[PDB]
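Student:
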Amino acid sequence: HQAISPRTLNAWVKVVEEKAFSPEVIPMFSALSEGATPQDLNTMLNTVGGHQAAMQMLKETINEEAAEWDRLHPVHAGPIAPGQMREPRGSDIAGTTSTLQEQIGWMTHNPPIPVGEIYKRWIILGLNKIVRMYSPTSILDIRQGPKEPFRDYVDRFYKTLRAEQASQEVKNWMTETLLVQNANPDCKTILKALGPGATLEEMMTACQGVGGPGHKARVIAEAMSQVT
Amino acid sequence: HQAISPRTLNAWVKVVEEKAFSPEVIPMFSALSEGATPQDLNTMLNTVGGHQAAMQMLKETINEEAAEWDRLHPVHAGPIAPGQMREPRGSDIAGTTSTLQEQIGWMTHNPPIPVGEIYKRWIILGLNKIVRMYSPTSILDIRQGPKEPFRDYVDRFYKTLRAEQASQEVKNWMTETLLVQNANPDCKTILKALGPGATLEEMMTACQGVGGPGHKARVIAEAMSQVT
Amino acid sequence: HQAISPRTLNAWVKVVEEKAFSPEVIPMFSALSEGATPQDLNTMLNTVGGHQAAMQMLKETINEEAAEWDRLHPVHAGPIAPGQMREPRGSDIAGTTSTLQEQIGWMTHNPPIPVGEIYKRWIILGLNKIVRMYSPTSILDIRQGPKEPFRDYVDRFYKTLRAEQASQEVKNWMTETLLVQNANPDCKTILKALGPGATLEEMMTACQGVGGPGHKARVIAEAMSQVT
Amino acid sequence: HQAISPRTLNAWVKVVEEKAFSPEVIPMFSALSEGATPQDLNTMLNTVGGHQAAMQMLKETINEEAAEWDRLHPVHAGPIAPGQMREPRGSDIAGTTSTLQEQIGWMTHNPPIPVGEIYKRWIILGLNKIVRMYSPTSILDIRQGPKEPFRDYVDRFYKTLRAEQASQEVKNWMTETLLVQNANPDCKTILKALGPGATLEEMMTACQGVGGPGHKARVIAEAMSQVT
Amino acid sequence: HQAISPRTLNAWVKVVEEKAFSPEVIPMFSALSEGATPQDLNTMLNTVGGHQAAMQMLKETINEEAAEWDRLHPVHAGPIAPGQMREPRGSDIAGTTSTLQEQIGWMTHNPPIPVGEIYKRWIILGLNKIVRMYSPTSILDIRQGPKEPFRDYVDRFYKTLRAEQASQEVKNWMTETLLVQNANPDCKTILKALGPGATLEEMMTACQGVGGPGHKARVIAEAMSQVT
Ligand SMILES: C=C(C)[C@@H]1CC[C@]2(C(=O)O)CC[C@]3(C)[C@H](CC[C@@H]4[C@@]5(C)CC[C@H](OC(=O)CC(C)(C)C(=O)O)C(C)(C)[C@@H]5CC[C@]43C)[C@@H]12
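Protein sequences, first through last, are from chains W, E, L, Y and B.
Residue numbering for the first sequence follows this note's numbering, beginning at 180 and increasing consecutively.
Residue numbering for the second sequence follows this note's numbering, beginning at 180 and increasing consecutively.
Residue numbering for the third sequence follows this note's numbering, beginning at 180 and increasing consecutively.
Residue numbering for the fourth sequence follows this note's numbering, beginning at 180 and increasing consecutively.
Residue numbering for the fifth sequence follows this note's numbering, beginning at 180 and increasing consecutively.
1. Can you check the region 262-304 of chain Y for any alpha helix (DSSP H) of at least 4 residues that lies completely inside it and give the ranges in chain order?
2. Does at least one heavy atom of ligand 1 sit under 7 Å from the Cβ of L/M403?
3. Can you list, in chain order, the residues of its chain whose CB lies under 8 Å from that of B/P315, leaving out five sequence neighbours each side?
4. Which residues in chain B sit within 9 Å of L/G374, going by Cβ to Cβ distance?
5. Just checking, does the region 293-310 of chain E make contact with the region 328-338 of chain E on the three C-beta pairs under 8 Å criterion?
6. What are the boundary residues of the alpha helix (DSSP H) that Y/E197 is part of?
7. So E/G390 packs on E/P328, CB below 8 Å; how close in whole Å?
8. Along the chain, where does the alpha helix (DSSP H) that runs through E/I321 open and close?
9. Pick out whichever of E/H394, E/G262, E/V398, E/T356 has its Cα sitting closest to the Cα of E/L379.
10. Would the beta-carbon of W/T216 fall within 8 Å of that of W/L188?
11. Using a Cβ-Cβ cutoff of less than 7 Å, which residues in the same chain neighbour L/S277 once the five nearest sequence positions on both sides are dropped?
12. Quick one: what does DSSP say B/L224 is sitting in, helix, strand or coil?
13. Roughly how many angstroms separate the alpha carbons of E/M286 and E/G295, rounded to a whole number?
14. Beta carbon of B/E244, beta carbon of B/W301: below 8 Å?
15. Can you tell me whether DSSP reads L/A362 as helix, strand or coil?
16. Please classify L/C386: does DSSP put it in a helix, a strand, or coil?
17. Looking at the structure shown, is B/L373 part of a helix, part of a strand, or coil, going by DSSP?
18. Tell me the rounded alpha-carbon separation between Y/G374 and Y/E381.
19. Quick check: the Cα distance between E/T275 and W/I283, rounded to an integer number of angstroms?
20. Using a beta-carbon distance cut-off of less than 8 Å, what residues from the region 280-299 of chain W approach chain L?
21. Are Y/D320 and L/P392 close, meaning C-beta to C-beta below 8 Å?
22. Take B/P293 and list the residues in its own chain whose beta-carbon comes closer than 7 Å to its own, dropping the five residues that flank it on each side.
23. In angstroms, rounded to a whole number, what distance separates the CA positions of L/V195 and W/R397?
24. Pick out whichever of W/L211, W/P202, W/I205, W/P206 has its Cα sitting closest to the Cα of W/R186.
25. How would you label B/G388, buried or exposed, when you count the other beta carbons within 10 angstroms and need 16 or more for buried?
26. Cβ of B/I318 within 7 Å of any heavy atom in ligand 2?
27. Alpha carbon to alpha carbon, how far is E/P267 from E/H255? Give it in angstroms, no decimals.
28. Could you give the distance in angstroms between the alpha-carbon of E/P206 and the alpha-carbon of Y/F208?
29. Is E/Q387 close to chain W? Criterion is C-beta to C-beta, closer than 8 Å.
30. So, at 8 Å on beta carbons, what are the nonlocal neighbours of B/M223 in its own chain, with the 5 sequence-adjacent residues on each side left out?
31. Residues of chain Y with CB closer than 7 Å to the CB of E/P206, please, in chain order.
32. So with CB distances below 7 Å, who are the chain L contacts of Y/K395?
33. Out of B/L237, B/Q280, B/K367, B/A273, point me to the one whose CA is closest to L/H252's CA.
34. With 9 Å as the C-beta to C-beta threshold (strictly closer), list the residues of the region 232-247 of chain W near chain L in chain order.
35. Are E/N361 and E/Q323 touching if we call contact CB-CB under 8 Å?
The following block contains the structure:
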């Protein structure tokens with residue numbers, strides 16, 4: 180049997196990262212998965228890096244459809260007759276407790292039990308649910324809350340950037356611009372009043388006092404003096 | 180033998196989606212599953228999307244009624260009758276344990292044990308409880324809290340919007356109007372200060388200030404100046 | 180043989196409803212259906228609710244391709260063939276004049292005559308034409324014509340709104356806002372002169388005179404007063 | 180066999196005429212007709228007076244479901260049937276082809292064929308379509324169009340009044356009230372200028388020339404005089 | 180036998196959509212189709228997309244020529260002729276009631292019956308009538324009538340645009356630059372007074388009032404003020 184080529188896996192993971200589970204991933208997933216055994220489907224699903232929420236949703240959908248298949252399709256009791264073997268359970272279709280040899284036997288037997296296409300249908304349902312209900316996070320969509328500490332947002336921004344898929348120079352440029360650009364107006368004002376090019380430690384120290392008693396009293400004083 | 184059809188099941192899910200678990204769903208259900216085997220009832224009940232809380236309540240009702248049936252109706256001592264007939268335990272009425280063939284045999288046996296009717300009654304009780312206490316959520320119910328950050332409110336708004344059953348055009352229109360309509364007065368005045376047609380990122384950048392020390396000082400000073 | 184399942188069919192109906200015959204339905208149809216007998220895609224198409232014009236265009240396309248298939252493939256000589264059953268026609272590939280046993284025999288015969296794949300291709304062409312040409316209707320597209328009386332406007336608005344797929348609360352909200360949001364400047368002026376919270380009957384009564392001699396005289400007199 | 184009874188049928192007609200295909204007619208239909216042969220439900224549907232569009236939609240849905248049943252369930256090969264009677268079809272389940280004896284034989288066979296329940300399910304789907312789509316017409320809904328001549332408005336009013344089910348004194352009261360209560364501002368003004376108690380012929384004579392050159396010129400001149 | 184090839188058929192389709200039934204299509208049809216069996220020209224004519232009126236006229240011409248051929252050539256006596264196969268008929272030359280084997284046998288016989296050239300002559304006559312009479316519809320021909328409401332104008336404009344042969348970017352440019360260019364002086368001046376870059380919905384809202392009592396009164400009063 181023909182397994183999944185490494186170039187196929189690379190293309191699948193690349194489209195996964197590039198489209199960020201856009202609807203355009205639904206067609207692509209079909210195109211490179213035609214005639215694929217459920218073990219190959221599981222391998223092609225596992226290599227997707229990141230997007231843990233999407234993987235959780237897809238696994239939940241797979242489990243739901245496997246349970247439905249188990250309920251609708253019963254099992255046969257008794258010794259297995261020669262010329263045949265065990266009927267595919269829901270997990271067998273999902274490729275969790277079915278060996279590759281058994282899956283290939285199911286596909287190539289006459290009449291053929293389409294374990295691969297049923298599994299692909301379950302994964303397609305999961306992917307449709309994902310593209311309907313999943314909104315990817317990005318370094319552009321992480322900002323600082325009105326009362327959130329500056330240090331905590333710096334740590335969260337660094338974690339999100341470390342989770343990003345981009346070149347090192349691009350990430351450094353994003354650190355240079357977005358950090359000051361996307362911040363609490365108080366934190367942004369403190370950073371902008373400070374000279375550009377200040378180190379991260381200095382910009383954290385300058386914003387370490389944001390939200391404290393002294394800063395609140397000072398800003399109240401400025402507001403009261405300005406209005407009056 | 181008799182089995183459910185795609186048309187009736189589609190109509191059932193459509194009426195469930197249309198009326199948000201209103202009382203009008205109790206008759207229609209009982210009007211669609213007449214003479215239905217428990218497996219057909221389970222398939223009818225598991226196909227409704229959304230309303231996870233209501234479905235959880237209905238399920239819990241099913242388990243409690245199955246436990247009551249098991250308590251009231253005892254099981255045999257263990258030996259099997261020469262007629263090869265098994266008394267239906269509480270679990271298998273709901274279809275979790277028994278298969279389609281066993282349910283059909285029970286429903287066709289003389290005298291008939293209408294397991295489908297008992298399961299339908301249990302599901303009816305669950306639906307009655309659902310309409311009694313459970314209330315579905317809606318996009319119009321999403322309102323920004325008094326101390327809520329704008330980013331979290333937008334996240335909640337879009338999370339509820341994605342699961343809502345509607346078309347893309349109406350969804351975009353609701354995004355355009357409701358999101359700025361339902362907002363904190365502090366957030367709403369800032370949004371109204373911005374001209375119409377401002378993008379979502381501009382809205383969030385403008386509203387990032389509310390609840391922070393600077394915004395609080397500004398509103399306090401403005402109110403003090405206006406009063407005196 | 181494994182036929183369609185309620186989950187996949189319901190997902191197909193849901194994706195059709197959510198995206199009103201957007202291009203994204205072309206791959207999903209190619210993904211949910213695989214190895215499906217012509218009766219299976221017939222069920223897959225019939226359960227689609229609404230979009231009667233689109234379904235009519237799809238049916239016309241299927242008739243066109245069936246006629247072309249009949250034209251290109253003639254009747255084999257010999258009405259009786261003990262070796263193998265009859266050859267497919269244009270209509271029975273579409274499933275109108277075929278039984279499930281015959282379709283299964285065709286798709287399983289050696290060599291295979293994939294009536295399912297050919298029918299799927301015909302429906303794919305139909306959906307491509309649909310997404311190329313058909314424009315879905317929506318409640319926001321309902322707008323009062325300049326000379327349209329308010330009563331027929333309201334009748335059309337409620338007809339499309341009731342044909343719309345949504346919830347009761349959001350439908351009531353649409354009735355509250357869009358009815359006066361989409362109206363002629365004369366009817367809009369009359370309704371704005373009415374205080375907010377006026378009933379539908381009050382609004383219909385207030386706009387009964389739009390287009391009559393009394394209105395067409397009063398507006399002209401007001402304009403003459405304004406410009407003189 | 181116990182067929183339908185005059186009390187249940189009369190109550191069915193009464194409830195349909197009372198709530199006018201409100202959702203509350205869905206349970207009663209499933210309540211007043213249980214165990215009914217398809218001829219009984221055919222009689223139940225035929226005796227309904229009025230609501231021609233509703234019955235149009237209902238029986239259209241009935242033919243749709245019958246065609247779907249014919250598609251899914253094929254004619255059994257071999258006209259010979261010595262052991263038992265013929266298998267049902269869509270039309271002969273809907274009652275338009277089978278006889279009462281055949282329906283009774285099916286509904287009491289071993290195993291039974293629930294012809295009555297299937298037909299009741301089809302009528303239930305049709306009734307749900309009615310209550311979702313059909314809006315009853317009422318005398319209070321008759322309003323004169325802005326450019327509609329008074330004679331045709333009166334003709335429409337009296338046509339729907341005759342179609343209305345009420346008492347003669349009640350109908351006379353509706354004639355006395357709604358005729359002048361539902362009219363264009365021009366016709367309303369003309370009628371109010373007429374003294375109360377004017378006959379219908381005098382009322383029609385007074386509004387015979389609304390929309391003619393003389394009336395339009397008179398109202399335009401009055402508006403000009405008021406403005407200047 | 181050498182049937183038609185995809186390249187020539189695609190070229191024929193391309194020239195038809197390029198010059199839109201200009202006279203230059205008459206030679207190409209006689210050049211691409213040489214020695215073609217009637218089935219080949221039937222395929223050549225069916226693949227033509229658009230120009231439904233022109234194809235209907237061509238079908239009418241073919242029917243007329245077939246009727247004339249049947250009139251001038253009678254059906255020879257003798258139900259069965261062992262010496263030679265049957266003689267052609269009017270509808271048979273068009274390929275409606277003939278198979279490819281029969282057409283090949285006729286076009287290759289001693290003496291030959293040139294069914295292909297006769298059918299080609301009929302299609303050439305039809306094409307000549309088409310190029311003489313039929314005028315293709317284009318997007319530039321869509322102009323809104325003096326009394327046409329703007330909404331139906333936009334509907335017609337998009338309906339004809341959606342059937343064009345252009346690309347997406349040029350289609351968007353044509354929407355941007357042609358909708359306002361082809362409009363009534365009233366609608367055009369409303370759109371010019373309205374700021375450039377306004378959305379389609381804003382434009383439709385602006386021109387919703389054209390043709391109503393308020394707009395007519397306003398323009399009449401403006402003209403009266405101008406000339407007095
Ligand atoms: C008495 C007055 C106070 C003033 C003092 C003298 C006057 C002036 O100096 O102003 C001379 C001009 C007139 C007479 C006005 C009165 C009004 C009229 C009128 C506004 C009347 C309504 C008519 O409109 C129609 O015909 C309606 C329409 C839809 C077009 C249809 O049915 O065809 C038109 C033709 C538009 C005229 C124009 C001429 C003027 C201005 C006079």
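Beta carbons are placed, not taken as given, at the ideal position from N, Cα and C, and that holds for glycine.
Tutor: The answer reads as follows:
1. Runs found: 269-272, 279-286.
2. yes
3. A199, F200, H230, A233
4. Residues of chain B passing the Cβ test: none, with the nearest at roughly 21 Å.
5. Under the 8 Å Cβ criterion, the region 293-310 of chain E does not count as touching the region 328-338 of chain E, having fewer than three qualifying pairs.
6. Y/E197 -> alpha helix (DSSP H) spans 185-198.
7. 7 Å
8. Note, E/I321: premise wrong, no alpha helix (DSSP H); not H, not E.
9. E/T356
10. no
11. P217, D271
12. helix
13. 8 Å
14. Closer than 8 Å, so yes.
15. coil
16. coil
17. Correct three-state label for B/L373: coil.
18. 11 Å
19. Distance between the alpha carbons of E/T275 and W/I283 is about 31 Å.
20. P290, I292, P293, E296, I297, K299
21. no
22. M286
23. In a straight line, the C-alpha of L/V195 is about 58 Å away from that of W/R397.
24. Nearest option by C-alpha distance: W/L211.
25. With 16 or more Cβ atoms within 10 Å of its Cβ, B/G388 is classed as buried.
26. Ligand 2 is not part of the structure shown, which contains ligand 1 as its ligands.
27. 10 Å
28. 10 Å
29. Chain W contact via Cβ: present.
30. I183, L188, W191, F208, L211, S212, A215
31. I205, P206, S209
32. Counting only Cβ-Cβ distances below 7 Å, Y/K395 has contacts in chain L at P392, in chain order.
33. B/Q280
34. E243, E244, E247
35. yes
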